[PDB]
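Participant: Once you've had a glance at the structure underneath, I'll fire off some questions.
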Amino acid sequence: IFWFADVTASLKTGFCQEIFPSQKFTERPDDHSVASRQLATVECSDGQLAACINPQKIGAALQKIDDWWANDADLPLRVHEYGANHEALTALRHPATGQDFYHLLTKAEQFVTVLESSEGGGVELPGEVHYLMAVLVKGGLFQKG
Amino acid sequence: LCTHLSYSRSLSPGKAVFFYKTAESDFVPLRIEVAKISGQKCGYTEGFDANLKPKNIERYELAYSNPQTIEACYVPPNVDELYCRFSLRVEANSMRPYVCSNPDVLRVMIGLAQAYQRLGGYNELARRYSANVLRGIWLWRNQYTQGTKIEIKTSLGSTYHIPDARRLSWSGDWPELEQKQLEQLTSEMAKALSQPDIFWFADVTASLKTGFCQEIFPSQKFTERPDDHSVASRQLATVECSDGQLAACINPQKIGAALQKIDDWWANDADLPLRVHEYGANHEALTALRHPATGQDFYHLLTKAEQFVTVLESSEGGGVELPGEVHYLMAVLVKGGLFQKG
Amino acid sequence: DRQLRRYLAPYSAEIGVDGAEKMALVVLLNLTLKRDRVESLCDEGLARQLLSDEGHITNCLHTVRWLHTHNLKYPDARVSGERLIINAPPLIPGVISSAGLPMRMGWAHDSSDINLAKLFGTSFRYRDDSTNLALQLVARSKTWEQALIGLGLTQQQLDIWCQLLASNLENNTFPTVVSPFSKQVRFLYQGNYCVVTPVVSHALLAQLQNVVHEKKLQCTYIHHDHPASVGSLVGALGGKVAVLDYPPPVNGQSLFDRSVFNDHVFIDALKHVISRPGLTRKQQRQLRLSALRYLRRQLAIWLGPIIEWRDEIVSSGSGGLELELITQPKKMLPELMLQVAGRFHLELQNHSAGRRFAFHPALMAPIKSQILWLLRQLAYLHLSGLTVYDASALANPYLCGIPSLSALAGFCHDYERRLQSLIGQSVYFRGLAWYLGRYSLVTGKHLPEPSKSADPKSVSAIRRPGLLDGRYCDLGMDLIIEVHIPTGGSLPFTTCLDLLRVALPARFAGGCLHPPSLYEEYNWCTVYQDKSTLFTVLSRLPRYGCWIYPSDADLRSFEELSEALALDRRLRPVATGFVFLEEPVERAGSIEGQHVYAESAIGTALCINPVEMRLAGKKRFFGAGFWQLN
């Protein structure tokens with residue numbers, strides 16, 4: 001199925017309101033000549049530059065749907081194999097808890113067995129199955145077993 | 001057989017380039033850009049050791065970022081069509097061994113190629129190669145468009161046009177005024193492949209209708225890991241244009257590997273077709289479908305030529321009698337290589 | 001000090017040991033251990049202990065069997081078979097080679113040995129010549145034997161070793177068969193074909209590693225995985241080997257003649273048209289007509305560069321009238337007569353002598369008539385536009401730059417054979433010329449196809465043969481071939497032009513060769529039987545390209561090359577061919593007929609700008625601009 005969406009939003013603003021585009025990750029300066037803070041732009045077909053937000057910066061927001069830990073939903077995390085929380089500089093699914101992706105990846109034979117025995121169509125799917133599927137959607141490398 | 005035997009390659013393509021048009025100039029290159037990103041600390045050995053034995057780190061140690069440097073490429077705002085093109089030459093070069101150390105082996109390989117030609121069979125190879133051009137599978141990961149058009153010109157004056165390539169399958173039957181062009185193209189190529197002293201040259205262009213700022217996937221370079229941290233870990237291939245600017249491209253052998261993906265002769269179960277390989281290598285599953293232990297590989301089959309020629313000579317021809325083993329072997333000779341120590 | 005290990009390394013200058021034979025045996029024996037186990041190479045005790053271990057020394061004596069002068073494994077560790085020991089070929093005045101260097105040996109076999117091989121294969125300067133430990137003991141050099149017995153060796157142990165050590169250097173100096181992973185290429189020699197296999201010279205490569213760093217030459221580095229599996233030198237250099245890098249170096253003005261009016265005869269001619277009474281009709285007509293013929297020529301000359309501009313530009317593919325009105329259709333030209341005649345008088349008006357003639361009534365009709373006439377009148381195998389993808393930019397293991405010339409000579413001939421099988425008449429190529437319009441270096445390296453099973457049987461896993469470090473580039477180039485037909489009657493026909501397109505090979509310098517693109521096609525395969533027409537067209541080439549010419553200078557070393565390159569800016573080193581190590585023989589494994597070993601020949605060439613031959617003239621171009629074999 002070749003599916004596309006095209007999303008446009010309109011912002012009603014202030015008289016001369018400040019705008020916040022993506023920043024560059026820069027090298028340490030030592031020339032006293034390069035800006036200490038630099039913004040990201042794109043090149044238009046006519047040669048002008050324009051402010052933008054990076055692809056993965058949009059994506060980090062869209063995939064922020066993880067509130068399956070600790071039996072208390074609170075606010076959702078960005079899906080991460082170790083449950084990283086950037087605001088508090090910590091990790092919710094530390095390997096020491098048994099709650100991370102890698103511990104769970106090894107029980108697949110048992111999950112299939114349960115799903116097959118279940119009825120479904122309802123609310124019976126457990127948090128551990130949803131988490132796993134969410135990670136497979138943000139695909140990456142799962143190697144060196 | 002003999003100590004030395006080899007063939008050169010009979011079907012060779014060019015380097016493909018991406019570009020677009022403007023109202024001010026007819027050829028503007030698509031180009032690549034480089035940038036710093038903030039990555040994740042994830043995966044095994046990052047947190048576990050041995051076989052699932054957690055290693056001793058503090059909780060906060062995985063919340064840190066992992067920076068990386070990559071190259072990337074995007075279509076700029078407001079470009080309605082992206083164009084890609086390449087050249088193709090085909091030579092009837094499987095009729096004779098590049099080298100052969102034994103006159104008795106040589107006369108036999110010659111006999112076989114000719115016995116095959118007159119019964120039909122080059123049409124079969126041409127049909128398969130032709131299908132892969134018109135389907136568009138040589139765009140690899142860039143096939144996901146809102147509409148794809150393919151146009152071909154040749155040195156004989158013909159022109160072919162596929163109004164929309166997105167639906168042509170490997171297995172099935174094509175729409176009218178498409179099925180027909182496949183037949184006509186097959187004829188030009190079937191001849192080019194087997195009859196010498198015909199110069200043939202093709203020019204294949206296509207157009208892609210894209211999204212607002214869609215990502216594009218050109219060929220990647222093979223590199224060493226830099227030790228500097230100021231040099232990109234993922235570097236993309238570009239070609240120099242006549243004006244001195246660089247543009248994104250796809251490498252010749254990457255186009256080639258796609259065109260020859262025609263082998264659905266294995267195990268009497270077609271599935272999807274493989275890239276022709278002497279051992280039936282399957283890259284997706286990391287295995288081999290014509291393992292020497294089965295008797296199904298090229299090297300076992302290379303010794304049955306005397307039996308095959310005998311059959312080809314005794315057969316009436318023009319029918320459906322040609323076996324999988326003869327077709328396979330001819331396909332391998334077309335992708336020539338080193339067949340020594342026989 | 002690590003500097004001692006540096007000076008004993010194969011890539012460093014040799015050092016003298018005269019009068020120090022005792023400590024030389026101690027240091028050289030101590031080098032046979034891993035660096036982690038040795039606090040000093042100067043400990044006499046460790047040496048006396050190592051010397052008493054017949055097994056350790058026996059393992060060291062065994063490495064002698066594979067000492068070589070030339071390394072058959074250098075580019076590819078997979079080559080298996082015997083060593084090669086040959087005295088350097090006679091010096092050729094025009095070629096850089098091992099012929100001018102002294103005798104040296106190296107070692108290659110197992111990865112494990114490296115340390116154990118250092119006892120006998122390490123060279124040094126002695127009695128003011130180049131030697132090593134194995135040679136001094138085999139030759140019965142008493143000073144070394146007296147020191148060695150003094151360090152604890154029994155006379156009986158030495159009497160036996162002198163024999164076994166000598167025996168290891170007395171046989172297996174030439175391979176029995178050609179190894180299956182070696183290179184084989186074939187060319188004509190003395191009227192027939194011979195297969196050539198190149199090999200790298202140990203002495204020559206080791207010297208280059210020192211010269212480029214000391215003389216500050218342009219260079220780069222080639223990597224080798226598993227250095228211990230390729231050789232003494234590559235291991236010592238940590239898998240990074242230096243090579244040379246010398247790539248190729250890739251109006252509002254009047255269009256009118258600058259001196260047609262500077263001829264005193266022109267002035268006289270005018271006077272003759274004006275003429276004089278007193279003569280007979282025949283006399284007047286003869287003088288008049290002669291003057292007119294002269295002037296006619298001058299009219300053709302005067303507009304010459306202008307007409308030249310037209311023909312060149314229009315045929316090949318702003319705004320001033322003397323430029324735009326000529327660009328127009330030739331049929332229109334007659335209507336410019338009055339304008340040309342006007343300009344003519346003006347040009348005379350602006351000249352020091354023409355002030356007596358311009359706009360004089362007498363010259364009106366004459367000038368106009370001859371111009372009108374002129375206006376009414378106005379009204380070798382060349383391969384162009386070739387593109388090569390992925391050409392090999394590494395000519396020989398010593399030099400990066402312009403692709404090896406041996407490859408172009410090769411190309412000319414495969415093309416000739418293909419054409420000869422198409423045309424019944426004999427066809428032969430005397431010379432071949434090379435022009436460079438585009439040169440782009442491509443970074444990275446190719447990944448090999450998985451053609452090797454992980455295990456021969458009962459395994460369904462595929463492995464990668466190995467990886468190499470090479471250099472590649474893309475080219476754009478034209479060729480001008482001097483084609484000759486022996487038969488009195490020739491075939492200058494369209495049929496032959498088609499056959500010339502068909503015969504064209506698809507392979508060049510290891511890369512892929514293509515014609516100019518179809519959508520913009522012109523006649524890329526024209527033929528000329530006139531030096532004047534062909535040279536005139538060639539003078540029109542873009543100024544940013546290069547012609548490559550043969551050089552005159554004779555160089556016998558890299559130091560002489562360094563000076564020649566410091567002085568010129570047009571000079572570049574190139575690969576030119578091969579130098580034989582032995583006479584051609586019959587040998588098992590040869591592709592076709594006789595087989596011979598050789599080493600690469602390094603020579604030079606010149607890079608000439610299109611502007612320099614526009615001035616040099618067709619005479620110098622057709623004498624010097626064409627290359628040949630022998």
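Labels for the structure tokens follow display order: chains A, B, ..., residues from 1 in each chain, ligands from 1.
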Can you tell me which residues surround residue 114 (chain A) at a distance of at most 12 Å, considering only C-alpha atoms, apart from same-chain residues fewer than 4 positions away, and format the answer as a PyMOL selection string?
Facilitator: chain A and resi 107-110+118-120+124-126+128-129
Participant: Could those residues be written to a file, using C-alpha atoms, as a PDB file, in the first residue's frame?
Facilitator:
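result14.pdb, written as the output of this step:
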```pdb
ATOM      1  CA  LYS A 107      11.006 -15.191  25.921  1.00  0.00           C
ATOM      2  CA  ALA A 108       9.377 -15.006  22.440  1.00  0.00           C
ATOM      3  CA  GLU A 109       8.600 -18.714  22.385  1.00  0.00           C
ATOM      4  CA  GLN A 110       6.530 -18.241  25.555  1.00  0.00           C
ATOM      5  CA  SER A 118      -5.743 -16.502  24.274  1.00  0.00           C
ATOM      6  CA  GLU A 119      -8.983 -15.341  22.684  1.00  0.00           C
ATOM      7  CA  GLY A 120      -8.000 -11.786  21.704  1.00  0.00           C
ATOM      8  CA  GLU A 124      -5.992  -9.115  27.129  1.00  0.00           C
ATOM      9  CA  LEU A 125      -2.591  -8.295  25.577  1.00  0.00           C
ATOM     10  CA  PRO A 126       0.066  -7.674  28.295  1.00  0.00           C
ATOM     11  CA  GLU A 128       5.474  -6.926  27.704  1.00  0.00           C
ATOM     12  CA  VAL A 129       4.091  -7.821  24.258  1.00  0.00           C
TER      13      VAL A 129
END
```
Participant: Taking only C-alpha atoms into account, find every residue of chain B that has an atom no more than 8 Å from chain C, and write it out as a PyMOL selection string.
Facilitator: chain B and resi 4+14-15+87+99+101+155+197-199+202-203+221-223+240+281+286-288+291-293
Participant: Give me, as number ranges by chain, the residues of chain A touching chain B, with the criterion being at most 6 Å (counting only C-alpha atoms).
Facilitator: A: 25, 84, 89-90
Participant: At a cut-off of 9 Å, using only C-alpha atoms, what residues contact residue 378 (chain C)? Leave out same-chain residues fewer than 4 positions from it and give the result as a VMD selection string.
Facilitator: chain C and resid 330 to 331 333 to 334 373 to 374
Participant: Can you work out which one of B:192, B:156, B:112, B:285 has the shortest atom-to-atom distance to residue 305 (chain B), counting only C-alpha atoms?
Facilitator: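 Checking each of B:192, B:156, B:112, B:285 against residue 305 (chain B), counting only C-alpha atoms, the winner is B:112.
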Participant: Can you list, as a PyMOL selection string, every residue of region 167-339 of chain B that DSSP puts in strand (DSSP E or B)?
Facilitator: chain B and resi 201-209+215+220+234+236+238-240+246-250+261-263+274-275+281-282+287-288+338
Participant: Select, from C:165, C:574, C:185, C:61, the residue with the minimum atom-to-atom distance to residue 596 (chain C), counting only C-alpha atoms.
Facilitator: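 Selected residue with least distance to residue 596 (chain C): C:185.
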Participant: For the structure I just gave you, how does DSSP split region 5-177 of chain B - specifically, which residues are alpha helix (DSSP H)? Reply as a ChimeraX atom specification.
Facilitator: /B:103-117,122-135
Participant: For residue 180 (chain B), please output as JSON, numbers by chain all residues within 12 Å (counting only C-alpha atoms; exclusion window: fewer than 3 positions along the same chain).
Facilitator: {"B": [127, 131, 160, 161, 162, 173, 174, 175, 176, 177, 183, 184, 185, 186, 187]}
Participant: Hey, which of B:171, B:231, B:106, B:24 ends up closest to residue 272 (chain B)? Count only C-alpha atoms.
Facilitator: B:171
Participant: Quick one: residues within 9 Å of residue 217 (chain B), only C-alpha atoms, excluding same-chain residues fewer than 3 positions away - as a list in words?
Facilitator: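 The neighbour list is residues 72, 73, 74, 140, 141, 142, 220, 236, 248 and 250 of chain B.
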Participant: If we count only C-alpha atoms and set the cut-off at 9 Å, which residues sit around residue 255 (chain C), ignoring sequence neighbours fewer than 5 positions away in its own chain? Please answer as a list in words.
Facilitator: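 Counting only the stated atoms, we get residues 303, 304, 305, 306, 309, 322 and 323 of chain C.
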Participant: Those same residues - C-alpha atoms - I'd like them written as a PDB file, in the first residue's frame.
Facilitator:
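What landed in result_13.pdb:
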```pdb
ATOM      1  CA  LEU C 303      39.157  38.395 -43.724  1.00  0.00           C
ATOM      2  CA  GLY C 304      41.046  35.201 -43.074  1.00  0.00           C
ATOM      3  CA  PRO C 305      41.002  34.860 -39.301  1.00  0.00           C
ATOM      4  CA  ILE C 306      37.373  35.932 -39.445  1.00  0.00           C
ATOM      5  CA  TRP C 309      36.601  31.741 -36.720  1.00  0.00           C
ATOM      6  CA  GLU C 322      32.030  41.038 -37.566  1.00  0.00           C
ATOM      7  CA  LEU C 323      31.246  37.977 -35.449  1.00  0.00           C
TER       8      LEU C 323
END
```
Participant: Env of region 27-43 of chain A: 8 Å cut, atoms = only C-alpha atoms, seq-sep filter 4 positions within chain, self excluded. Answer as a VMD selection string.
Facilitator: (chain A and resid 21 to 23 47 to 54) or (chain B and resid 76)
Participant: Based on the selection just made, write C-alpha atoms of those residues as a PDB file, in the first residue's frame.
Facilitator:
```pdb
ATOM      1  CA  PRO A  21      14.387  25.791  15.193  1.00  0.00           C
ATOM      2  CA  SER A  22      16.833  22.914  15.664  1.00  0.00           C
ATOM      3  CA  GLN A  23      20.367  23.656  16.879  1.00  0.00           C
ATOM      4  CA  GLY A  47      19.503  29.849  -3.101  1.00  0.00           C
ATOM      5  CA  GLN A  48      17.912  31.334   0.025  1.00  0.00           C
ATOM      6  CA  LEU A  49      18.309  29.638   3.411  1.00  0.00           C
ATOM      7  CA  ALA A  50      15.323  28.805   5.670  1.00  0.00           C
ATOM      8  CA  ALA A  51      14.782  27.661   9.336  1.00  0.00           C
ATOM      9  CA  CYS A  52      13.874  23.983   9.836  1.00  0.00           C
ATOM     10  CA  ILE A  53      13.454  21.190  12.295  1.00  0.00           C
ATOM     11  CA  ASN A  54      15.495  18.027  11.687  1.00  0.00           C
TER      12      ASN A  54
ATOM     13  CA  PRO B  76      15.006  20.343  -1.557  1.00  0.00           C
TER      14      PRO B  76
END
```
